[PDB]
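Shown below: model-v8.json, with JSON, N, CA and C atoms and all ligand atoms.
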[["chain", "number", "residue", "atom", "x", "y", "z"],
["X", 1, "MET", "N", 9.86, -6.87, -3.74],
["X", 1, "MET", "CA", 9.51, -6.75, -2.28],
["X", 1, "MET", "C", 8.08, -7.21, -1.99],
["X", 2, "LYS", "N", 7.83, -7.64, -0.75],
["X", 2, "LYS", "CA", 6.53, -8.14, -0.30],
["X", 2, "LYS", "C", 5.35, -7.20, -0.49],
["X", 3, "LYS", "N", 4.28, -7.75, -1.06],
["X", 3, "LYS", "CA", 3.06, -6.99, -1.34],
["X", 3, "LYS", "C", 2.01, -7.18, -0.24],
["X", 4, "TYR", "N", 1.20, -6.16, -0.04],
["X", 4, "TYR", "CA", 0.17, -6.17, 0.98],
["X", 4, "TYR", "C", -1.18, -6.06, 0.32],
["X", 5, "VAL", "N", -2.14, -6.79, 0.84],
["X", 5, "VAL", "CA", -3.47, -6.78, 0.28],
["X", 5, "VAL", "C", -4.37, -5.92, 1.15],
["X", 6, "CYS", "N", -5.19, -5.08, 0.53],
["X", 6, "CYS", "CA", -6.12, -4.24, 1.26],
["X", 6, "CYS", "C", -7.32, -5.09, 1.64],
["X", 7, "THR", "N", -7.41, -5.38, 2.94],
["X", 7, "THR", "CA", -8.45, -6.17, 3.57],
["X", 7, "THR", "C", -9.89, -5.79, 3.20],
["X", 8, "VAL", "N", -10.12, -4.49, 3.05],
["X", 8, "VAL", "CA", -11.44, -3.97, 2.71],
["X", 8, "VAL", "C", -11.87, -4.21, 1.26],
["X", 9, "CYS", "N", -10.99, -3.88, 0.31],
["X", 9, "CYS", "CA", -11.35, -4.00, -1.10],
["X", 9, "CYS", "C", -10.52, -4.93, -1.96],
["X", 10, "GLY", "N", -9.43, -5.43, -1.39],
["X", 10, "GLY", "CA", -8.58, -6.37, -2.11],
["X", 10, "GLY", "C", -7.52, -5.74, -2.97],
["X", 11, "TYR", "N", -7.47, -4.41, -3.00],
["X", 11, "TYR", "CA", -6.44, -3.74, -3.80],
["X", 11, "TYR", "C", -5.10, -4.21, -3.26],
["X", 12, "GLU", "N", -4.13, -4.50, -4.12],
["X", 12, "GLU", "CA", -2.86, -4.98, -3.61],
["X", 12, "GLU", "C", -1.74, -3.99, -3.77],
["X", 13, "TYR", "N", -1.19, -3.47, -2.68],
["X", 13, "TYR", "CA", -0.07, -2.52, -2.77],
["X", 13, "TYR", "C", 1.17, -3.28, -3.28],
["X", 14, "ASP", "N", 1.80, -2.76, -4.33],
["X", 14, "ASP", "CA", 2.94, -3.45, -4.92],
["X", 14, "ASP", "C", 4.18, -2.63, -4.72],
["X", 15, "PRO", "N", 5.16, -3.14, -3.96],
["X", 15, "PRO", "CA", 6.39, -2.38, -3.75],
["X", 15, "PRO", "C", 7.05, -1.97, -5.08],
["X", 16, "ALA", "N", 7.08, -2.91, -6.03],
["X", 16, "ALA", "CA", 7.70, -2.71, -7.35],
["X", 16, "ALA", "C", 7.09, -1.59, -8.22],
["X", 17, "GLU", "N", 6.06, -0.92, -7.70],
["X", 17, "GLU", "CA", 5.36, 0.17, -8.39],
["X", 17, "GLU", "C", 5.09, 1.31, -7.43],
["X", 18, "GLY", "N", 4.65, 0.97, -6.22],
["X", 18, "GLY", "CA", 4.32, 1.96, -5.22],
["X", 18, "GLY", "C", 2.94, 2.57, -5.53],
["X", 19, "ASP", "N", 2.85, 3.88, -5.39],
["X", 19, "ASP", "CA", 1.62, 4.62, -5.64],
["X", 19, "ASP", "C", 2.06, 6.01, -6.08],
["X", 20, "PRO", "N", 2.71, 6.10, -7.24],
["X", 20, "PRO", "CA", 3.21, 7.36, -7.79],
["X", 20, "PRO", "C", 2.40, 8.62, -7.56],
["X", 21, "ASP", "N", 1.18, 8.68, -8.09],
["X", 21, "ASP", "CA", 0.40, 9.90, -7.97],
["X", 21, "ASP", "C", -0.18, 10.24, -6.62],
["X", 22, "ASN", "N", 0.45, 9.70, -5.58],
["X", 22, "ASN", "CA", 0.07, 9.94, -4.19],
["X", 22, "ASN", "C", 1.36, 9.96, -3.37],
["X", 23, "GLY", "N", 2.44, 10.44, -3.99],
["X", 23, "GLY", "CA", 3.74, 10.59, -3.34],
["X", 23, "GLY", "C", 4.66, 9.40, -3.11],
["X", 24, "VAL", "N", 4.10, 8.20, -3.12],
["X", 24, "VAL", "CA", 4.88, 7.01, -2.86],
["X", 24, "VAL", "C", 5.63, 6.56, -4.10],
["X", 25, "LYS", "N", 6.85, 7.04, -4.27],
["X", 25, "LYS", "CA", 7.63, 6.63, -5.43],
["X", 25, "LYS", "C", 7.82, 5.13, -5.39],
["X", 26, "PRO", "N", 8.10, 4.51, -6.54],
["X", 26, "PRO", "CA", 8.31, 3.06, -6.63],
["X", 26, "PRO", "C", 9.47, 2.41, -5.82],
["X", 27, "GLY", "N", 9.40, 1.08, -5.69],
["X", 27, "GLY", "CA", 10.40, 0.32, -4.97],
["X", 27, "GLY", "C", 10.29, 0.37, -3.46],
["X", 28, "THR", "N", 9.38, 1.21, -2.98],
["X", 28, "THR", "CA", 9.14, 1.39, -1.55],
["X", 28, "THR", "C", 8.47, 0.19, -0.89],
["X", 29, "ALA", "N", 8.96, -0.17, 0.30],
["X", 29, "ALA", "CA", 8.41, -1.28, 1.08],
["X", 29, "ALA", "C", 7.22, -0.77, 1.88],
["X", 30, "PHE", "N", 6.42, -1.68, 2.44],
["X", 30, "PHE", "CA", 5.22, -1.25, 3.18],
["X", 30, "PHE", "C", 5.39, -0.56, 4.54],
["X", 31, "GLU", "N", 6.50, -0.82, 5.22],
["X", 31, "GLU", "CA", 6.78, -0.19, 6.49],
["X", 31, "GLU", "C", 7.17, 1.22, 6.09],
["X", 32, "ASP", "N", 7.78, 1.32, 4.90],
["X", 32, "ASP", "CA", 8.28, 2.57, 4.35],
["X", 32, "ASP", "C", 7.31, 3.56, 3.71],
["X", 33, "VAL", "N", 6.06, 3.16, 3.53],
["X", 33, "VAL", "CA", 5.04, 4.03, 2.96],
["X", 33, "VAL", "C", 4.54, 5.10, 3.98],
["X", 34, "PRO", "N", 4.39, 6.36, 3.54],
["X", 34, "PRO", "CA", 3.91, 7.45, 4.40],
["X", 34, "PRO", "C", 2.74, 7.05, 5.31],
["X", 35, "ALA", "N", 2.94, 7.11, 6.62],
["X", 35, "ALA", "CA", 1.92, 6.75, 7.60],
["X", 35, "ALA", "C", 0.50, 7.24, 7.33],
["X", 36, "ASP", "N", 0.39, 8.38, 6.65],
["X", 36, "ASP", "CA", -0.90, 8.98, 6.33],
["X", 36, "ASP", "C", -1.60, 8.35, 5.11],
["X", 37, "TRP", "N", -0.83, 7.59, 4.34],
["X", 37, "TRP", "CA", -1.30, 6.92, 3.14],
["X", 37, "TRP", "C", -2.57, 6.12, 3.40],
["X", 38, "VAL", "N", -3.47, 6.14, 2.43],
["X", 38, "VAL", "CA", -4.71, 5.38, 2.50],
["X", 38, "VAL", "C", -4.79, 4.59, 1.22],
["X", 39, "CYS", "N", -5.65, 3.59, 1.20],
["X", 39, "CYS", "CA", -5.81, 2.77, 0.03],
["X", 39, "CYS", "C", -6.39, 3.67, -1.05],
["X", 40, "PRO", "N", -5.78, 3.68, -2.25],
["X", 40, "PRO", "CA", -6.26, 4.53, -3.34],
["X", 40, "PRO", "C", -7.62, 4.21, -3.89],
["X", 41, "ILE", "N", -8.08, 2.98, -3.71],
["X", 41, "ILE", "CA", -9.36, 2.70, -4.30],
["X", 41, "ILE", "C", -10.54, 2.66, -3.34],
["X", 42, "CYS", "N", -10.26, 2.62, -2.03],
["X", 42, "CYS", "CA", -11.35, 2.59, -1.07],
["X", 42, "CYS", "C", -11.09, 3.39, 0.22],
["X", 43, "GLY", "N", -9.99, 4.11, 0.28],
["X", 43, "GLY", "CA", -9.70, 4.91, 1.47],
["X", 43, "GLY", "C", -9.16, 4.30, 2.75],
["X", 44, "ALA", "N", -9.36, 3.01, 3.00],
["X", 44, "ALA", "CA", -8.85, 2.36, 4.21],
["X", 44, "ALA", "C", -7.40, 2.77, 4.54],
["X", 45, "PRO", "N", -7.02, 2.78, 5.83],
["X", 45, "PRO", "CA", -5.65, 3.17, 6.14],
["X", 45, "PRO", "C", -4.67, 2.01, 6.03],
["X", 46, "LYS", "N", -3.40, 2.24, 6.38],
["X", 46, "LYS", "CA", -2.36, 1.20, 6.34],
["X", 46, "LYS", "C", -2.63, 0.08, 7.33],
["X", 47, "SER", "N", -3.27, 0.42, 8.43],
["X", 47, "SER", "CA", -3.60, -0.57, 9.45],
["X", 47, "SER", "C", -4.52, -1.67, 8.95],
["X", 48, "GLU", "N", -5.32, -1.41, 7.92],
["X", 48, "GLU", "CA", -6.25, -2.42, 7.38],
["X", 48, "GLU", "C", -5.70, -3.32, 6.26],
["X", 49, "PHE", "N", -4.39, -3.34, 6.06],
["X", 49, "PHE", "CA", -3.82, -4.19, 5.05],
["X", 49, "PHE", "C", -3.25, -5.43, 5.78],
["X", 50, "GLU", "N", -2.82, -6.43, 5.01],
["X", 50, "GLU", "CA", -2.23, -7.66, 5.56],
["X", 50, "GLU", "C", -1.21, -8.15, 4.55],
["X", 51, "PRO", "N", -0.16, -8.87, 5.01],
["X", 51, "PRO", "CA", 0.82, -9.35, 4.04],
["X", 51, "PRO", "C", 0.09, -10.30, 3.09],
["X", 52, "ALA", "N", 0.33, -10.16, 1.78],
["X", 52, "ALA", "CA", -0.34, -11.04, 0.84],
["X", 52, "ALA", "C", 0.44, -12.34, 0.77],
["X", 101, "FE", "FE", -8.92, -0.72, -0.33]]
Would you put the structure from the file into structure tokens?
Amino acid sequence: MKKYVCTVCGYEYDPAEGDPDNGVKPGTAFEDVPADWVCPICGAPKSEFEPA
């Protein structure tokens, strides 16, 4: 599934992995990630990402 890049720090959210230790089990798409989710390495919200 399509990956999103964190505009602030460049961290790339990967659907094929998700963000396990923050509730987002793997295989999850980006529309599908918990609205409250923030970038794990710099805090930015979902609104600050862009399709990679
Ligand atoms: Fe970030």
Here CA of residue 48 in chain X and CA of residue 36 in chain X stand apart by 12.6 Å
Would you please give, as number ranges by chain, all residues of chain X that DSSP assigns to strand (DSSP E) based on the backbone?
X: 4-6, 12-13, 49-51
Smallest atom-to-atom distance to residue 5 in chain X: which of X:33, X:27, X:41, X:51, using only N, CA and C atoms?
X:51
Selection within 7 Å of ligand FE 101 (chain X) by all atoms listed in the file, output as an NGL selection string
:X and (6-11 or 38-44)
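Across the model, the gap from CA of residue 12 in chain X to CA of residue 35 in chain X is 16.9 Å.
Separating CA of residue 15 in chain X from CA of residue 47 in chain X is a distance of 16.7 Å.
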Running DSSP on the backbone, which parts of chain X land in helix (DSSP H, G or I), as a PyMOL selection string?
chain X and resi 20-22+46-48
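With all atoms listed in the file as the atoms that count, the residue of X:1, X:37, X:50, X:30 with the shortest distance to residue 16 in chain X is X:1.
Near (5.3, -8.4, 3.3), the residues that fall inside 7 Å on the basis of only C-alpha atoms are residues 2, 3, 4, 51 and 52 of chain X.
Non-sequential neighbours of residue 17 in chain X (distance at most 10 Å, separation of 3 or more positions within a chain, only C-alpha atoms) are residues 13, 14, 20, 24, 25, 26, 27 and 28 of chain X.
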